Amino acid sequence: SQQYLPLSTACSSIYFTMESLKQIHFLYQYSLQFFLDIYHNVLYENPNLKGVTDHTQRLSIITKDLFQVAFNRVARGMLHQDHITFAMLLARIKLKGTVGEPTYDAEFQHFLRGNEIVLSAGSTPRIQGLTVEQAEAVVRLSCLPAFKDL
């Protein structure tokens with residue numbers, strides 16, 4: 001159960017991402033039954049699983065096709081400009097799921113809510129070859145511990 005748990009966490013995160021997808025656009029309405037159809041299409045009638053016997057490799061194949069099929073079903077029912085948004089959401093879900101990488105909470109926090117940093121007037125020097133918008137963004141992004149020397 002502990003070995004197979006990350007796949008279940010990925011499934012739950014995927015489903016609730018689709019459920020909350022309705023906020024981006026009124027059209028993106030998805031039900032639990034649709035996600036269960038996706039899940040069963042991943043688990044059964046999956047051509048990639050044919051000829052595979054090892055359990056860990058079967059896990060990897062199942063989770064990879066789970067992400068791929070979820071994207072192929074949901075994005076096809078979505079506008080073009082939101083395909084990349086849903087791909088990012090799936091990528092973040094996998095990054096949380098995977099083991100071996102840092103959670104990178106600070107990087108995504110600055111990627112999303114990075115514009116909510118107060119910059120006092122005169123605290124942004126006009127760097128050579130940089131516009132005021134570019135310099136101001138540079139100053140905001142320099143707040144990161146790995147970006148202080150930028």
# chains A, B, ... in the order shown; residues from 1 in each chain; ligands from 1
>>> residues_around(residues="region 16-26 of chain A", least_positions_apart="4", cutoff="10 Å", atoms="only C-alpha atoms", output="number ranges by chain")
A: 11-12, 30-32, 35, 70, 74, 78-79, 82, 85-86, 89-90, 93
>>> residues_around(residues="residue 114 (chain A)", least_positions_apart="2", cutoff="12 Å", atoms="only C-alpha atoms", output="VMD selection string")
chain A and resid 106 to 112 116 to 119 136 to 144
>>> closest_residue(among="A:63, A:47, A:71, A:150", to="residue 127 (chain A)", atoms="only C-alpha atoms")
A:150
>>> residues_around(residues="residue 126 (chain A)", least_positions_apart="2", cutoff="12 Å", atoms="only C-alpha atoms", output="PDB file with N, CA, C and O atoms, in the first residue's frame")
ATOM      1  N   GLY A 122      13.283  54.269  -5.437  1.00  0.00           N
ATOM      2  CA  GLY A 122      14.714  54.468  -5.398  1.00  0.00           C
ATOM      3  C   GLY A 122      15.519  53.254  -4.993  1.00  0.00           C
ATOM      4  O   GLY A 122      16.754  53.329  -4.974  1.00  0.00           O
ATOM      5  N   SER A 123      14.866  52.141  -4.668  1.00  0.00           N
ATOM      6  CA  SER A 123      15.551  50.916  -4.282  1.00  0.00           C
ATOM      7  C   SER A 123      15.868  50.018  -5.470  1.00  0.00           C
ATOM      8  O   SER A 123      16.424  48.932  -5.275  1.00  0.00           O
ATOM      9  N   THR A 124      15.528  50.438  -6.684  1.00  0.00           N
ATOM     10  CA  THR A 124      15.799  49.663  -7.895  1.00  0.00           C
ATOM     11  C   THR A 124      16.749  50.447  -8.789  1.00  0.00           C
ATOM     12  O   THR A 124      16.310  51.354  -9.519  1.00  0.00           O
ATOM     13  N   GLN A 128      22.478  48.690 -16.466  1.00  0.00           N
ATOM     14  CA  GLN A 128      22.798  48.883 -17.874  1.00  0.00           C
ATOM     15  C   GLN A 128      22.108  47.835 -18.739  1.00  0.00           C
ATOM     16  O   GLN A 128      22.183  46.634 -18.463  1.00  0.00           O
ATOM     17  N   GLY A 129      21.436  48.299 -19.791  1.00  0.00           N
ATOM     18  CA  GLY A 129      20.754  47.403 -20.704  1.00  0.00           C
ATOM     19  C   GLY A 129      19.449  46.839 -20.192  1.00  0.00           C
ATOM     20  O   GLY A 129      18.884  45.945 -20.826  1.00  0.00           O
ATOM     21  N   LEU A 130      18.948  47.339 -19.066  1.00  0.00           N
ATOM     22  CA  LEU A 130      17.723  46.835 -18.457  1.00  0.00           C
ATOM     23  C   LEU A 130      16.701  47.956 -18.373  1.00  0.00           C
ATOM     24  O   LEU A 130      17.028  49.069 -17.947  1.00  0.00           O
ATOM     25  N   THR A 131      15.468  47.663 -18.773  1.00  0.00           N
ATOM     26  CA  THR A 131      14.381  48.611 -18.613  1.00  0.00           C
ATOM     27  C   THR A 131      13.951  48.673 -17.150  1.00  0.00           C
ATOM     28  O   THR A 131      14.354  47.854 -16.320  1.00  0.00           O
ATOM     29  N   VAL A 132      13.121  49.667 -16.833  1.00  0.00           N
ATOM     30  CA  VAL A 132      12.664  49.831 -15.456  1.00  0.00           C
ATOM     31  C   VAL A 132      11.787  48.656 -15.038  1.00  0.00           C
ATOM     32  O   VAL A 132      11.855  48.192 -13.895  1.00  0.00           O
ATOM     33  N   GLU A 133      10.958  48.150 -15.956  1.00  0.00           N
ATOM     34  CA  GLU A 133      10.195  46.941 -15.656  1.00  0.00           C
ATOM     35  C   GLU A 133      11.119  45.747 -15.456  1.00  0.00           C
ATOM     36  O   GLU A 133      10.957  44.977 -14.501  1.00  0.00           O
ATOM     37  N   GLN A 134      12.100  45.582 -16.348  1.00  0.00           N
ATOM     38  CA  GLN A 134      13.031  44.468 -16.227  1.00  0.00           C
ATOM     39  C   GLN A 134      13.860  44.579 -14.956  1.00  0.00           C
ATOM     40  O   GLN A 134      14.051  43.588 -14.244  1.00  0.00           O
ATOM     41  N   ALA A 135      14.352  45.780 -14.646  1.00  0.00           N
ATOM     42  CA  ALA A 135      15.136  45.966 -13.428  1.00  0.00           C
ATOM     43  C   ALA A 135      14.290  45.727 -12.185  1.00  0.00           C
ATOM     44  O   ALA A 135      14.768  45.154 -11.200  1.00  0.00           O
ATOM     45  N   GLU A 136      13.032  46.170 -12.205  1.00  0.00           N
ATOM     46  CA  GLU A 136      12.157  45.986 -11.053  1.00  0.00           C
ATOM     47  C   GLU A 136      11.855  44.506 -10.835  1.00  0.00           C
ATOM     48  O   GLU A 136      11.857  44.018  -9.695  1.00  0.00           O
ATOM     49  N   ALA A 137      11.635  43.766 -11.925  1.00  0.00           N
ATOM     50  CA  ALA A 137      11.463  42.320 -11.821  1.00  0.00           C
ATOM     51  C   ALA A 137      12.739  41.644 -11.332  1.00  0.00           C
ATOM     52  O   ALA A 137      12.682  40.682 -10.558  1.00  0.00           O
ATOM     53  N   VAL A 138      13.900  42.126 -11.783  1.00  0.00           N
ATOM     54  CA  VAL A 138      15.173  41.583 -11.317  1.00  0.00           C
ATOM     55  C   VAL A 138      15.314  41.781  -9.816  1.00  0.00           C
ATOM     56  O   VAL A 138      15.754  40.881  -9.092  1.00  0.00           O
ATOM     57  N   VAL A 139      14.956  42.969  -9.329  1.00  0.00           N
ATOM     58  CA  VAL A 139      15.030  43.240  -7.898  1.00  0.00           C
ATOM     59  C   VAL A 139      14.087  42.323  -7.132  1.00  0.00           C
ATOM     60  O   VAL A 139      14.445  41.789  -6.074  1.00  0.00           O
TER      61      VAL A 139
END
>>> select_by_dssp(residues="chain A", states="helix (DSSP H, G or I)", output="ChimeraX atom specification")
/A:5-23,32-43,47-49,55-76,80-97,105-113,132-141,145-147
>>> atom_distance(atom1="CA of residue 75 (chain A)", atom2="CA of residue 115 (chain A)")
28.3 Å
>>> atom_distance(atom1="CA of residue 46 (chain A)", atom2="CA of residue 65 (chain A)")
8.3 Å
>>> closest_residue(among="A:97, A:83, A:91, A:7", to="residue 66 (chain A)", atoms="only C-alpha atoms")
A:7
>>> decode(residues="region 22-52 of chain A", atoms="N, CA, C and O atoms", output="compact mmCIF listing (two decimals), in the first residue's frame")
# COMPACT_ATOMS: atom_id res chain seq x y z
N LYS A 22 -13.22 24.50 -13.06
CA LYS A 22 -14.39 25.27 -13.48
C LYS A 22 -14.23 26.76 -13.22
O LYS A 22 -14.99 27.56 -13.78
N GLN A 23 -13.27 27.16 -12.39
CA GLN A 23 -13.09 28.57 -12.09
C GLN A 23 -12.41 29.33 -13.23
O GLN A 23 -12.70 30.51 -13.43
N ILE A 24 -11.51 28.68 -13.97
CA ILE A 24 -10.90 29.34 -15.12
C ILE A 24 -11.95 29.67 -16.17
O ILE A 24 -11.98 30.78 -16.72
N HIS A 25 -12.83 28.72 -16.47
CA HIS A 25 -13.82 28.92 -17.51
C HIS A 25 -15.06 28.12 -17.14
O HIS A 25 -14.96 27.00 -16.63
N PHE A 26 -16.23 28.71 -17.39
CA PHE A 26 -17.49 28.06 -17.04
C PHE A 26 -17.69 26.76 -17.80
O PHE A 26 -18.47 25.90 -17.36
N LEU A 27 -17.01 26.58 -18.93
CA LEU A 27 -17.19 25.39 -19.75
C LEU A 27 -16.53 24.16 -19.14
O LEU A 27 -17.05 23.05 -19.28
N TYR A 28 -15.41 24.34 -18.45
CA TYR A 28 -14.62 23.21 -17.94
C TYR A 28 -15.33 22.61 -16.73
O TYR A 28 -14.95 22.80 -15.57
N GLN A 29 -16.38 21.84 -17.01
CA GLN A 29 -17.15 21.15 -15.99
C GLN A 29 -16.91 19.65 -16.14
O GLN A 29 -17.22 19.07 -17.19
N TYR A 30 -16.36 19.03 -15.10
CA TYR A 30 -16.01 17.62 -15.13
C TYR A 30 -16.55 16.92 -13.89
O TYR A 30 -16.58 17.50 -12.80
N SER A 31 -16.96 15.68 -14.07
CA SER A 31 -17.59 14.89 -13.01
C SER A 31 -16.65 13.80 -12.53
O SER A 31 -15.63 13.49 -13.16
N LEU A 32 -17.01 13.21 -11.39
CA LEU A 32 -16.26 12.07 -10.87
C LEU A 32 -16.32 10.88 -11.82
O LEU A 32 -15.35 10.13 -11.95
N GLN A 33 -17.46 10.70 -12.49
CA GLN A 33 -17.62 9.58 -13.40
C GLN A 33 -16.63 9.68 -14.56
O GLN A 33 -16.07 8.67 -15.00
N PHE A 34 -16.40 10.89 -15.06
CA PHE A 34 -15.45 11.08 -16.15
C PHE A 34 -14.04 10.72 -15.71
O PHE A 34 -13.30 10.04 -16.43
N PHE A 35 -13.65 11.15 -14.50
CA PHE A 35 -12.33 10.80 -14.00
C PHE A 35 -12.20 9.30 -13.78
O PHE A 35 -11.13 8.73 -14.00
N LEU A 36 -13.27 8.65 -13.32
CA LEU A 36 -13.23 7.20 -13.16
C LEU A 36 -13.10 6.49 -14.49
O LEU A 36 -12.41 5.46 -14.58
N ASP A 37 -13.74 7.00 -15.54
CA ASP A 37 -13.53 6.45 -16.87
C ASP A 37 -12.08 6.61 -17.31
O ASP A 37 -11.49 5.68 -17.88
N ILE A 38 -11.49 7.78 -17.05
CA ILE A 38 -10.07 7.97 -17.36
C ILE A 38 -9.23 6.96 -16.60
O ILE A 38 -8.32 6.32 -17.16
N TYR A 39 -9.52 6.78 -15.31
CA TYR A 39 -8.76 5.89 -14.45
C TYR A 39 -8.85 4.45 -14.93
O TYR A 39 -7.84 3.73 -14.95
N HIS A 40 -10.04 4.00 -15.32
CA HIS A 40 -10.21 2.64 -15.80
C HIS A 40 -9.56 2.45 -17.17
O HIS A 40 -9.02 1.38 -17.45
N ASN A 41 -9.61 3.47 -18.03
CA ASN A 41 -8.90 3.39 -19.30
C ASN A 41 -7.40 3.30 -19.09
O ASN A 41 -6.69 2.71 -19.91
N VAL A 42 -6.90 3.91 -18.02
CA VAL A 42 -5.48 3.77 -17.70
C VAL A 42 -5.18 2.37 -17.16
O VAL A 42 -4.22 1.72 -17.59
N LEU A 43 -5.99 1.89 -16.22
CA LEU A 43 -5.70 0.62 -15.57
C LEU A 43 -5.94 -0.56 -16.51
O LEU A 43 -5.10 -1.46 -16.62
N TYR A 44 -7.07 -0.58 -17.20
CA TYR A 44 -7.41 -1.64 -18.13
C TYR A 44 -7.42 -1.10 -19.55
O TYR A 44 -7.34 0.10 -19.78
N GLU A 45 -7.56 -2.03 -20.51
CA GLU A 45 -7.44 -1.75 -21.95
C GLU A 45 -6.32 -0.76 -22.24
O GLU A 45 -6.45 0.13 -23.09
N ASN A 46 -5.19 -0.92 -21.56
CA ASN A 46 -4.03 -0.07 -21.78
C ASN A 46 -3.01 -0.84 -22.60
O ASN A 46 -2.39 -1.79 -22.09
N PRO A 47 -2.79 -0.49 -23.87
CA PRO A 47 -1.88 -1.28 -24.71
C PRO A 47 -0.45 -1.32 -24.20
O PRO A 47 0.24 -2.32 -24.40
N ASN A 48 0.01 -0.25 -23.55
CA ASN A 48 1.39 -0.22 -23.06
C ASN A 48 1.63 -1.27 -21.99
O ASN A 48 2.76 -1.75 -21.84
N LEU A 49 0.59 -1.64 -21.23
CA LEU A 49 0.77 -2.63 -20.17
C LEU A 49 0.93 -4.04 -20.73
O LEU A 49 1.45 -4.92 -20.03
N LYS A 50 0.49 -4.27 -21.96
CA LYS A 50 0.60 -5.61 -22.54
C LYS A 50 2.06 -5.99 -22.73
O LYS A 50 2.86 -5.21 -23.24
N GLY A 51 2.40 -7.21 -22.32
CA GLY A 51 3.76 -7.68 -22.38
C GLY A 51 4.64 -7.26 -21.23
O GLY A 51 5.85 -7.53 -21.26
N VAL A 52 4.08 -6.60 -20.21
CA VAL A 52 4.83 -6.11 -19.06
C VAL A 52 4.47 -6.96 -17.85
O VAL A 52 3.28 -7.14 -17.55
